[PDB]
Amino acid sequence: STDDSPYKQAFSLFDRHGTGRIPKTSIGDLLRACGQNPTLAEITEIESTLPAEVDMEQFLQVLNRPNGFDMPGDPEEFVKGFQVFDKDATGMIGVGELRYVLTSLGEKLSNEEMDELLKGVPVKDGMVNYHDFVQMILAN
């Protein structure tokens, strides 16, 4: 926790001054490593609230919005949760595992929402190869 290679160590890598602080330019590509890459307007907007120089504290403050890890919404967090019961997954996702992680996160799609999903799909464990869900979700 107090030695994040992709967050703490990586942060130091993008330190042009070497004083544990980084400007909007650095935060841009920095965020890319832990998600995506925004625009200068976005990073500058962040500086408008957090101290001019976005040091380990400033950056971590905005990142850890819900106070702490495993909650803000990290790409590796969601991947690890779904990967629990998805070693290979050759035509099946298994809602049971997806709900176990999401529901335990912050009362996401609990048994209720999943119950309706299982009723629609002619399966006995919400198995659809994680295609029909993402397909309809990205097709609007």
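Residues numbered from 1 in each chain as written, not as in the entry; some residues may be left out. Heavy atoms only, no water.

As documented in the archive entry, the model was determined using solution NMR.

Draft legend 1. View of the layout of surface pockets. Each pocket or cavity is described by its volume, and for the largest pocket that value is around 440 Å³. Lining of the largest pocket is provided by 16 residues; of these, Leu109, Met114, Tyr130, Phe133 and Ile137 occupy positions nearest its centre. Of all the elements in the fold, those that place two or more residues in the lining of the largest pocket are α5 (75-83), α6 (95-106), α7 (111-120) and α8 (132-138). At 5 residues, the largest contribution of residues to the lining of the largest pocket is made by α8. Residue composition of the lining of the largest pocket, by class: 13 nonpolar, no polar and 3 charged. Looking at the second largest pocket, its volume works out to about 300 Å³. (1 Å grid on protein atoms, 1.4 Å probe; cavity = no way out; pocket = protein on both sides within 12 Å on 5 of 7 lines; lining within 4 Å. Points joined across faces, edges and corners; volume = space filled by probe spheres on them. Helix = DSSP H or I, 4+ residues; strand = E, 2+ residues; numbered from the N terminus. Nonpolar A, V, L, I, M, F, W, Y, C, P; charged D, E, K, R; others polar.)

Draft legend 2. Seen up close, the packing of α6 against α7. Contact geometry for α6 and α7: axes closest at 10 Å, N-to-C directions at 160°. With respect to α7, the axis of α6 lies roughly antiparallel. Considering the relative orientation of α6 and α7, their crossing is right-handed. In contact with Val95, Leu98 and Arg99 of α6, α7 contributes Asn111, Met114, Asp115, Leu117 and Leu118. Broken down by class, the residue content of the contact of α6 with α7 amounts to 5 nonpolar, 1 polar and 2 charged. (Axes fitted to C-alpha atoms, helices over the stretch in contact; angles between N-to-C directions. Parallel < 35°, antiparallel > 145°, perpendicular 65-115°, else oblique. Left-handed = near helix turned anticlockwise from the far one by under 90°. Contact = heavy atoms within 4.5 Å.)

Draft legend 3. Geometry of the pattern of salt bridges. Evaluation of the coordinates by the stated rule reveals 3 salt bridges. The closest approach of N and O atoms between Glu53 and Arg21, which form a salt bridge, is 3.9 Å. In this pair, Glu53 is assigned in the loop between α3 (40-47) and β2 (54-55) and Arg21 in strand β1 (residues 21-22), connecting sequence segments 32 residues apart. Looking at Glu53, the relative accessible area reads 34%, which means it is partly exposed. Accessibility expressed as a relative area gives 34% for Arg21, which makes it partly exposed. Linking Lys80 and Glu76 is a salt bridge whose minimum nitrogen-to-oxygen distance equals 3.8 Å. One end of the pair is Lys80 and the other is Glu76, both in helix α5 and 4 residues apart, which spans about a single turn. (Salt bridge = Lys/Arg side-chain N within 4 Å of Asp/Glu carboxyl O. Buried < 20%, exposed > 50% of the residue type's maximum accessible area, 1.4 Å probe, protein only.)

Draft legend 4. Fine view of empty space enclosed by the protein. The full count for this structure, using the stated rule, is 1 cavity of 30 Å³ or more. Of the volumes computed, that of the largest cavity is approximately 40 Å³. Lining the largest cavity are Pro6, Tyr7, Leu30, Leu31, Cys34, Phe59 and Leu63. Going through the elements one at a time, α1 (5-13), α2 (24-33) and α4 (56-63) are the ones with two or more residues in the lining of the largest cavity.

Draft legend 5. Main features of the domain arrangement of the protein chain. Structurally, the protein chain comprises domain 1 (1-67) and domain 2 (68-137). A straight line from the C-alpha centre of domain 1 to that of domain 2 covers 30 Å. With 8 residues of domain 1 at the contact, the number on the domain 2 side is 6 residues. Counting the surface lost from both domain 1 and domain 2, the interface buries some 670 Å², and carbon and sulfur atoms represent 64% of this. In terms of surface lost to domain 2, no three residues of domain 1 exceed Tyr7, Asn64 and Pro66, which account for 53% of the buried area on that side. If you look at where domain 1 meets domain 2, you find 0 salt bridges. A per-class count over the side of domain 1 that touches domain 2 returns 4 nonpolar, 3 polar and 1 charged. (Domains from an automatic or database assignment. Buried area = accessible area lost by both parts, 1.4 Å probe.)

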